[PDB]
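Student: this one is an experimental structure. Sequence first:
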Amino acid sequence: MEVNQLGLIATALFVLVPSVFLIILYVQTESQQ
Amino acid sequence: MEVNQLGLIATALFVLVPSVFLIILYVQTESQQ
Amino acid sequence: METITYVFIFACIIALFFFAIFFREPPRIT
Amino acid sequence: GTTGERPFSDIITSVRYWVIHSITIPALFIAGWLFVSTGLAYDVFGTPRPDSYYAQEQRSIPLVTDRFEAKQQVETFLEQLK
Amino acid sequence: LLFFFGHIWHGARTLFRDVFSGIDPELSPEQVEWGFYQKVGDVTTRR
Amino acid sequence: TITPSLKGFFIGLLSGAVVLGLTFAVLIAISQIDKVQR
Amino acid sequence: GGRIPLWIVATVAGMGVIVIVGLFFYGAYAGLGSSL
Amino acid sequence: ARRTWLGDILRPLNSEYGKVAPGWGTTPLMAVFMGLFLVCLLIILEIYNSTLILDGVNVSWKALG
Amino acid sequence: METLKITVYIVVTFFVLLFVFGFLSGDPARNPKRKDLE
Amino acid sequence: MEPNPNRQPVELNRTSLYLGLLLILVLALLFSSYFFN
Amino acid sequence: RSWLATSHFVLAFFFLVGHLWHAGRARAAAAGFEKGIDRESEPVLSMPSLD
Amino acid sequence: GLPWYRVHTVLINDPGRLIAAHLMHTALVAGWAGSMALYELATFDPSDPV
Amino acid sequence: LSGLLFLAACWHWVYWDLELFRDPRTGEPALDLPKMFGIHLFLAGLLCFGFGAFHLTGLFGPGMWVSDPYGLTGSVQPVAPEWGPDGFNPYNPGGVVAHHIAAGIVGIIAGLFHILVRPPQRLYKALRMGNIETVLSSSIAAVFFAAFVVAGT
Amino acid sequence: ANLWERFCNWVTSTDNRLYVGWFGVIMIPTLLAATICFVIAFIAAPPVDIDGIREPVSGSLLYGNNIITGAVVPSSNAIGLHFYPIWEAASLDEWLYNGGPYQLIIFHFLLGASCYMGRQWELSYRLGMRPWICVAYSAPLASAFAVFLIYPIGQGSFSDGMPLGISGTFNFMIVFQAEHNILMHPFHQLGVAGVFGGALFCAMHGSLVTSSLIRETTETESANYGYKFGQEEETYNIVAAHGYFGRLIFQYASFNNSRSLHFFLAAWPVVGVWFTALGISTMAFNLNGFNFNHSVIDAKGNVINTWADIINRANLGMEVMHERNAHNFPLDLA
Amino acid sequence: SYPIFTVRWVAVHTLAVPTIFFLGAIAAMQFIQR
Amino acid sequence: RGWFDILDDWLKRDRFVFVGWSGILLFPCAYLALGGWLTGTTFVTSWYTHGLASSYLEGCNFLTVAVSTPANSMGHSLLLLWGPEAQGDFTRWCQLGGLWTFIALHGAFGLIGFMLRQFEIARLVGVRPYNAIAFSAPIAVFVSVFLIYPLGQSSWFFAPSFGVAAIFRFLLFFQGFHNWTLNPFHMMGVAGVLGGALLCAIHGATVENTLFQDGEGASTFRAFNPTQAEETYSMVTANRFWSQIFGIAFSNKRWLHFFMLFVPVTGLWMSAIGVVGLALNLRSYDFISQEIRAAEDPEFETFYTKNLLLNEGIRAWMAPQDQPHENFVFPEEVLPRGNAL
Ligand code: CLA
Ligand code: CLA
Ligand code: CLA
Ligand code: CLA
Ligand SMILES: CC(C)=CCC/C(C)=C/CC/C(C)=C/CC/C(C)=C/CC/C(C)=C\CC/C(C)=C/CC/C(C)=C/CC/C(C)=C/CC/C(C)=C/CC1=CC(=O)C(C)=C(C)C1=O
Ligand SMILES: CCCCCCCCCCCCCCCC(=O)OC[C@H](COP(=O)(O)OC[C@@H](O)CO)OC(=O)CCCCCCCCCCCCCCC
Ligand SMILES: CC1=C(/C=C/C(C)=C/C=C/C(C)=C/C=C/C=C(C)/C=C/C=C(C)/C=C/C2=C(C)CCCC2(C)C)C(C)(C)CCC1
Ligand SMILES: CC1=C(/C=C/C(C)=C/C=C/C(C)=C/C=C/C=C(C)/C=C/C=C(C)/C=C/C2=C(C)CCCC2(C)C)C(C)(C)CCC1
Ligand SMILES: CC1=C(/C=C/C(C)=C/C=C/C(C)=C/C=C/C=C(C)/C=C/C=C(C)/C=C/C2=C(C)CCCC2(C)C)C(C)(C)CCC1
Ligand SMILES: CCCCCCCCCCCCCCCCCC(=O)O
Ligand code: OEX
Ligand SMILES: [Cl-]
Ligand SMILES: [Cl-]
């Protein structure tokens, strides 16, 4: 199927950027005293 | 120029995955008592 | 690539289910 | 707690309330009935009567097609009904 | 449109800053009882 | 030149002024007649 | 105050509402809007 | 708190925090100006909307010539 | 296909029998408050 | 350099992590078809 | 056929709801907790935590 | 601690750092304008305005 | 400009604790928001008036894009203000010049007023003018008004 | 204890992380089968001849669909209501061509969901609760039954069941409107009241409780930390919430009784959805929405159109275009 | 001791009076013939 | 006291129906919107704007009456009674559709007034403003659908007409011309509405089935007292039940009720954004990859392509009567049709 080429990176970044934001916040909460 | 299409996502992930790993570790170190 | 992307996202969601159920923060009464 | 108005149950179970409303309610109902049966509603709101949607041999709707001449277009349609 | 929601949110925060973390634990039931005050929320108008 | 639409605009502005002014005058009068007792 | 019992008031008012709605359905089958 | 040359110059402009005029002050004048502004907005809107039509004011691209 | 059909029949019968005999095995008494419900 | 007294620690509990990941993954699943078009 | 089928599907379904309602309530009332949980003997409070 | 959606409230009573944050937003906006203009220049074909 | 703003942001972040930001009477951080509004309104009015009187008119500046009614011969031209009723016609470019001149002057005058005259106590308390979040609320309102207007035009 | 006694104790144990129960003994295998078959089919199944005219429709991702367009396609109109298990096919190739996965999936799902409802009852009994959460669940379950079993029974074919996919759902809805005028059916109107009002009351209740939270935290902390799991005292002031809402509308339009309030919250959407499920399940037997086509006529006899006639034009477009190669005769009688 | 005319009275009647009038009108409409 | 303060006192008196300063805006506008709807649906026609009968007086019923939008030739005119179209003629105003703009405008300002009422009452009684905040969703829906969408289209004519059947026609028009069901913003709206209904039902039922026994009656409603300090149902038991049934469960009541606010409100906002898009015909109409494949391969078919055929049918068969100003004449031979139907 002739899909939009940029769809792959669009989807990958859409998932990864917010997910990593959340993971950073969670881990640094866990490590607090 | 007729470049490899997957080069963009390859480069983006090559940069982002290790960088986010490091950022997670650093922030959770900073938040420790 | 598109099929791989769809299936990957779905598998991630299922793994999330697993962790949210069996590795939740336990409710604790005061 | 209540805000000081007379209770509705007290009002609607009272003789005076119904002395007043056994007159007022029927009067308003009859006013509306007559508003329709005398044909005044058609005139007031510009609503076609069953015999005033079309001319006798007409089948095209009288659609308004010009913004600033719409009033005159409607009046022309009404005259063409005659 | 989204900024309309932003206006509502931040204006509400401004006008209700004193209850942002919750309402008064000592809130008098009389202040919400009907007919107790002549004027809603004005204890100077007690009946 | 006072166009018909400008006359209509004046009519609408004055009608709104009358409506609002009557509303507020009535409210002020009633509030003065029926005051809260402190 | 309570000269006319409230249950009587409620029953009569409900009967009136029922009659009005029934007449409207009768109109659905008669006169204008009846398809005939 | 650090003092600087520019900060010293600007000091007077941030020295009246909390200062107010008694009571209503200029509120009635503000109210009049608000009413005038609202009426002006209504006029401009009606012109753009073709509800108010003025001689010499053709609301179309043909206003370009 | 016949082997599949027989296998499915056996499996379904197994689970249905579990259901029936389990609910027959004194289910009403399996509650936290009052057991002797007859 | 005197520290800034306005600093505050930030938190995200595990339930919030799970909820946020669910939101993000479901939004991705929804919008990916339109991104690929 | 349409009138009868529709009417009696409606009736059959609502009577399934009735079965569920009255069967559940009968079980709860026979066991003695159809009016609610006893505060001083809340069953769950005596159970081990799931995790 | 602060929930994730309140992190920037630390600026409410810190005028200097509020000015710093506003400067950063302004810098990002100006940089976007420049980058967008350069991308459009790299892509634009000026040979037929008709 | 972006780079310079980045450097200035770093400086202000590090040197947050400036005496200018403290109330002389109490030593607490404080901003006199009403006078800030007067000052910034005066500056905005000056810039608006200059844009109208010099840039758009071509007196000192290039002017603005103008074309015929069918978009065949557009070009950048100086534009004179239109002070009559046709100045409020959205399709008349002279109205833009006139608006920016007149609105800029009004901004200058009103900014002087808001610099010199303190808010009434009634309004200060009603609008919580001691709380910067009130400015955020009203500014957001003004911005979404403007966004709707530009979308429409 | 004997082996059976031990097994029964384990099955009915309230200490299992997930309750099993006797309903669960049926639910677990059936839902697992339905899930596994659905996932595999959605990803990889070949095209299915839904309408029985040798015109296979592609439903799976590997055969050209995306998440929005993909679906498990209903079984062939040639099969009708016939039971089509794998072992009734000559081969898996035939089974797939004729759409057997749909039957396997929906049957196992309906059975498993019924057992899910029963399991809700059973665990409530084990925990000493009142029993009617399952009654709440009966509304969506009835809806599933209506679209997967009842409508196919009434119309004579599982090919007319709702497809297991997003765009397939839309197709089902549009054809349903064309053939039954569901929008003009009072039961669907009650369903809309149910769901609009459910969302409305959800927002209302959430907002009122949130507005009446009692102060237990500072502005730098989430107010949610003001409540401790299992605390004895209420966390919001229902008296204040009632004062607010009663003054918003008027005193007697606001609940002062939390139990009455929560009963109303349960009842409104549940009853609405029951009625909409009955709407689908009764249009299954071709008792359709109101038909006012040409109801208004003038003195001569000219038809005066109404919005209902406009609706009818749209419905005609749908009707003439749907399943464009399947009809040979003038009337679409099922 | 209660007042007769109040804000509540005004609200009630603003709704009630036109309602009866309209119901009379619609009742009358039921007997129109084309 | 000053007259302003005396007026404030009177407006904020505690009475059966609270008035407030917001009342001065809310009550006249809400009354005019509602009364206009009832008046139009009872007596007013749509003959000159749509070619439709739309009132009880013409023979319509509750499902088919409407206050219909003005004619397309009116553009986006405010259609003021004193405006240049009606020129102060009330009958002509009604015949030209001035009631639609009358209702829409007085209703919009009534919504503003009602939200202000929420704020004012919350402030007076000392509660937080979250009910007003949640009301922003209905306002966003109303603005996007009844003002922004027509403002982006050719005229008010294509806004929804205020009626049951008219709204249904709006739904079907959006399907046929916009493929609205395929739009991910409508999809999020659907999720918000259905999930809100689900939360409403599940929370009500859970509370009612984890009540504590606080009385001897078999009807459990009398066992609650509004001034009591104790919770009326067992959060611990409810949490255990849902943990074991569904895998996860709420453990924090404050989060639970905020989530109930969040879901439906967010869904409605997303739908409003989608409609803003549709105001410009900025649709999620097609998937380009599927269209390319189908154009090249006449054996490729999906439910997506089937629905597109349905849309083409809707457009062709409804346009001539639904858009009378276009003067469409579609000869029978050009109408799309399947075999035999
Ligand atoms: C001039 C605009 C403006 C400004 C300066 C603020 C400033 C503030 N807001 Mg308000 N807000 C605005 C507009 C604005 N808002 C609008 C338009 C909305 C509606 C969408 C809101 C809705 C809103 C809510 C609901 C809340 C705030 C809160 C806050 C405070 C904390 C924000 C924070 O820490 O976020 C931190 C945010 C992140 C760490 C990540 C956000 C990621 C977003 C969702 C996606 C990415 C956006 C992208 C990167 C930027 C593109 C922007 C561009 C398109 C314009 C802060 C005082 C909070 C508050 O009052 O706290 C007490 C709060 O709860 N705001
Ligand atoms: C649903 C709409 C809505 C709501 C609930 C609020 C609510 C609020 N606003 Mg916001 N506001 C809105 C819309 C809204 N606003 C709009 C559209 C604007 C214009 C951009 C503003 C501009 C604004 C400012 C500048 C400020 C507020 C403030 C406030 C707060 C105090 C109340 C107030 O000032 O009332 C505002 C009163 C109204 C919105 C009602 C106006 C009624 C008008 C006059 C009727 C006019 C009729 C018109 C002439 C008919 C002809 C038009 C027709 C031909 C088209 C409160 C949080 C203040 C605040 O945040 O303080 C902390 C503040 O400073 N608002
Ligand atoms: C001779 C002097 C002069 C002249 C010729 C002009 C000329 C002009 N002015 Mg300026 N003006 C002047 C002096 C002057 N001005 C002065 C002294 C002031 C006081 C500082 C202003 C303040 C002013 C403002 C505030 C505005 C203008 C605007 C305009 C333009 C009007 C045409 C237009 O596009 O309207 C378009 C705008 C409208 C028709 C107003 C619409 C009002 C909306 C509908 C109110 C409701 C908004 C709310 C958010 C609800 C939206 C809901 C919706 C989404 C459904 C035009 C260029 C307008 C402009 O910039 O237009 C681009 C404008 O908004 N003027
Ligand atoms: C708060 C109440 C309220 C509000 C906000 C509105 C708002 C509106 N109405 Mg509704 N109306 C109301 C009450 C209200 N109405 C009541 C009570 C009635 C029954 C009497 C009506 C009857 C009504 C009709 C019949 C119509 C409207 C219409 C309108 C719209 C246009 C209004 C306009 O242009 O006014 C402009 C007026 C003003 C902005 C007032 C300005 C006041 C200033 C102070 C005047 C200053 C100058 C002036 C000359 C003063 C001179 C003083 C001195 C020289 C003597 C607008 C949406 C029209 C509509 O819906 O069109 C589709 C329409 O045709 N209204
Ligand atoms: C210009 C001029 C003249 C202005 C002057 C105007 C003026 C000042 C007038 C004076 C007043 C006046 C004369 C009156 C006007 C009269 C009048 C009738 C005009 C306006 C009429 C009109 C247009 C509007 C009427 C329509 C109206 C708004 C009614 C809506 C009623 C409605 C359906 C309400 C729903 C009720 C309902 C039970 C909802 C349940 C919601 C729910 C489940 C809440 C959950 C919940 C509830 C709780 O309870 C508590 C506790 C908690 C926890 C909780 O979760
Ligand atoms: C205590 C209630 C708890 C149960 C929750 C109720 C479920 C929801 C019910 C909602 C509808 C209410 C039915 C009445 C429930 C009920 O208990 O009825 C009884 C109630 C009070 O009756 P009485 O005056 O007899 O009161 C006796 C008192 O002495 C104590 O009961 O009557 C009314 O409120 C009806 C009056 C209609 C008022 C019409 C006024 C129209 C004004 C228009 C302006 C409106 C304001 C607009 C705001 C913007
Ligand atoms: C109260 C109330 C109400 C209302 C109600 C109503 C309105 C009712 C009515 C009712 C009625 C109104 C009833 C009636 C009944 C009757 C009866 C029950 C009768 C019987 C009869 C008979 C049995 C007969 C027989 C016979 C025969 C068979 C033959 C010939 C001879 C004779 C005729 C004798 C409401 C809801 C509002 C509210 C709440 C309360
Ligand atoms: C330092 C310095 C410098 C340099 C500078 C630079 C080089 C800069 C750069 C800058 C830049 C280069 C910037 C950029 C920026 C960007 C941005 C900021 C972006 C944004 C984005 C966004 C925000 C997006 C969003 C979105 C998406 C993504 C999708 C769709 C939707 C939306 C649109 C929402 C100089 C030498 C000069 C000087 C000295 C100093
Ligand atoms: C527009 C306009 C205006 C105003 C008007 C108004 C304000 C009106 C109102 C009116 C109204 C205010 C009306 C009302 C009516 C009502 C009705 C028509 C009702 C009906 C009812 C019904 C039919 C119901 C039924 C039922 C049922 C079915 C069941 C349950 C019970 C009941 C009874 C609910 C003016 C003057 C400014 C002038 C300009 C234009
Ligand atoms: C903000 C408050 C707005 C209130 C507006 C009230 C409107 C009342 C209008 C009633 C009189 C209409 C004028 C009729 C004559 C106008 C004819 C014309 O010259 O065009
Ligand atoms: O397969 Mn599905 O859809 Ca029920 O109607 Mn006949 O069959 Mn077909 O046509 Mn129309
Ligand atoms: Cl089809
Ligand atoms: Cl056939």
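Tutor: Good, I have the coordinates. Numbers count the residues shown, from 1 in each chain, chains lettered A, B, ... in the order given. Ligands and ions are numbered 1, 2, ... in the order given.

Student: every contact and neighbour count from this point should use C-alpha atoms.
Tutor: Will do.

Student: what's the distance between the residue of the stretch 151-300 of chain N at minimum distance from chain G and ligand 10?
Tutor: Residue nearest to chain G within the stretch 151-300 of chain N (CA to the nearest CA): residue N:295, separated by 3.8 Å. Separation of residue N:295 from ligand 10 (CA to the nearest ligand atom, to the nearest Å): 37 Å.

Student: which SS state does that residue fall under?
Tutor: coil (DSSP: H, G, I helix; E, B strand; the rest coil).

Student: count of neighbours near it?
Tutor: If you count neighbours by other CA atoms under 10 Å in any protein chain shown, residue N:295 ends up with 21.

Student: repeat for residue I:34
Tutor: 14.

Student: next up, phi/psi of it, please.
Tutor: Main-chain torsions, residue I:34, degrees, to the nearest 10: phi -140, psi 120.

Student: might you report the residue contacts of it?
Tutor: K:30-32 (CA atoms under 8 Å, 6 or more residues apart in numbering or on different chains).

Student: if we use 7 Å, what do you get?
Tutor: If a contact means CA atoms under 7 Å, 6 or more residues apart in numbering or on different chains, then residue I:34 has K:31-32 as its contacts.

Student: relative to the whole chain's centre, how far out is the strand or helix carrying residue N:201?
Tutor: When elements are assigned from DSSP states H and E, residue N:201 belongs to helix N:186-211. Distance of helix N:186-211 from the chain centroid (CA atoms, centre = their mean, to the nearest Å) equals 17 Å.

Student: quick revisit: so the residue of the stretch 151-300 of chain N closest to chain G touches residue G:34, yeah?
Tutor: Yes: using CA atoms under 7 Å, residue N:295 makes contact with residue G:34 at a distance of 5.6 Å.

Student: tally of neighbours for residue 18?
Tutor: No chain in the question, so chain A it is. By other CA under 10 Å, neighbour count at residue A:18 equals 15.

Student: correction: the question concerned chain H.
Tutor: Neighbour tally, residue H:18, other CA under 10 Å: 17.

Student: quick one: the helix or strand following the helix holding residue N:201 near chain O?
Tutor: Going down the chain from helix N:186-211, the next helix or strand is helix N:238-248, by DSSP H and E. No: interface with chain O: helix N:238-248 contributes nothing (CA under 7 Å from any CA of the partner chain), its closest point being 13.3 Å away.

Student: and helix N:238-248, what does it pack onto?
Tutor: helix P:98-125 (3 or more CA pairs under 7 Å, 6 or more residues apart in numbering or on different chains; DSSP states H and E).

Student: quick one: is the very next helix or strand once past the helix it packs on near chain N?
Tutor: Counting by DSSP H and E, the next helix or strand C-terminal to helix P:98-125 is helix P:130-143. Yes: for helix P:130-143, a contact with chain N is found by CA under 7 Å from any CA, at P:130-131, P:134.

Student: from residue D:2, how far out is the residue of the stretch 151-300 of chain N closest to chain G?
Tutor: 51 Å (CA to CA, to the nearest Å).

Student: now swap in residue D:34 and tell me
Tutor: Applying CA to CA to residue D:34 and residue D:2 gives a distance of 41 Å.

Student: those two - which one has more neighbours?
Tutor: Ranked by neighbour count (other CA under 10 Å), residue D:34 and residue D:2 place residue D:34 first, with 17 against 14.

Student: which helix or strand contains that one?
Tutor: Residue D:34 belongs to helix D:15-37, assigned by DSSP H and E.

Student: is that helix in proximity to chain G?
Tutor: Yes: Helix D:15-37 reaches chain G (CA under 7 Å from any CA) through residue D:15.

Student: what residues does that helix touch?
Tutor: With CA under 7 Å, 6+ apart, helix D:15-37 has contacts from D:11, D:41, G:3-4, O:20-25, O:27-29.

Student: and for stretch P:183-196?
Tutor: Residues from elsewhere that reach stretch P:183-196 (CA under 7 Å, 6+ apart): N:195-196, N:198-199, N:202, P:260, P:263-264, P:266-268, P:270-271, P:273-274, P:284.

Student: enumerate every residue touching the closest residue to chain I within chain K.
Tutor: Closest residue of chain K to chain I, CA to the nearest CA: residue K:31 (5.0 Å). By CA under 7 Å, 6+ apart, the residues touching residue K:31 are I:33-34.

Student: likewise the one 4 residues further on?
Tutor: Shown here is residue K:35, whose contacts under the criterion CA under 7 Å, 6+ apart are P:213, P:218, P:220.

Student: quick one: it from chain G, how far?
Tutor: 32 Å (CA to the nearest CA, to the nearest Å).

Student: part of a helix, is that residue?
Tutor: No: applying three-state DSSP, one finds residue K:35 to be coil, outside a helix.

Student: gap between it and residue K:28?
Tutor: 9 Å.

Student: again, but for residue P:272
Tutor: Residue P:272 is 46 Å from residue K:28, by CA to CA.

Student: swap in residue M:71?
Tutor: 81 Å.

Student: kindly report the same for residue N:52.
Tutor: 51 Å.

Student: more crowded one of those two?
Tutor: Comparing residue N:52 with residue K:28 by other CA under 10 Å, the one with more neighbours is residue K:28, at 24 against 17.

Student: near ligand 9, which residues of chain O show up?
Tutor: Proximity of chain O to ligand 9 (CA under 6 Å from any ligand atom) is limited to residues O:15, O:18-19, O:22-23.

Student: how about a cut-off of 8 Å?
Tutor: O:14-23, O:26 (CA under 8 Å from any ligand atom).

Student: stretch H:27-46 close to ligand 2?
Tutor: Yes: applying CA under 8 Å from any ligand atom, one finds stretch H:27-46 in contact with ligand 2 at H:38-39, H:42, H:45-46.

Student: pick out the most distant pair among those residues.
Tutor: By the measure CA to CA, H:38 and H:46 form the most distant pair in those, at 12.3 Å.

Student: residue N:155 is in contact with residue N:332, isn't it?
Tutor: No: Residue N:155 is beyond contact range of residue N:332, at 11.1 Å (criterion: CA under 7 Å).

Student: more neighbours: which of these two?
Tutor: A count of neighbours by other CA under 10 Å puts residue N:155 above the other of residue N:155 and residue N:332, at 19 against 13.

Student: once you drop chain neighbours, what's closest to the more buried one?
Tutor: residue N:334 (5.5 Å; CA to CA, 6 or more residues apart in numbering or on different chains).

Student: that neighbour and chain D, how far apart?
Tutor: Distance from residue N:334 to chain D, by CA to the nearest CA: 36 Å.

Student: residue L:49 too?
Tutor: For residue L:49, the distance to chain D - CA to the nearest CA - is 37 Å.

Student: residues contacting that residue?
Tutor: Applying CA under 7 Å, 6+ apart, no residues qualify as near residue L:49.

Student: now it, what's its secondary structure?
Tutor: Applying three-state DSSP: residue L:49 is coil.

Student: contacting residues around stretch N:206-213?
Tutor: E:22-23, N:235-238, N:240-241, P:127-131, P:134, P:254, P:257-258, P:260-261.

Student: contacting residues for the residue lying closest to residue M:74 once chain neighbours are set aside?
Tutor: In space, residue M:74 comes closest to residue M:67 once its chain neighbours are excluded; the distance is 3.8 Å by CA to CA, 6+ apart. Going by CA under 7 Å, 6+ apart, residue M:67 touches H:64, M:73-75.

Student: can you pick the most crowded of these?
Tutor: That'd be residue H:64 among the contacts of residue M:67, by other CA under 10 Å, with 15 neighbours.

Student: in what element of secondary structure is residue 13 found?
Tutor: Chain wasn't specified; assuming chain A. helix A:7-30.

Student: that answer is for a different chain, and I need it for chain G
Tutor: Per DSSP H and E: helix G:6-29 holds residue G:13.

Student: that helix and chain N, any residue contact?
Tutor: No: counting by CA under 7 Å from any CA, chain N has no neighbours in helix G:6-29; the shortest distance is 9.4 Å.

Student: sweet, I'm off.
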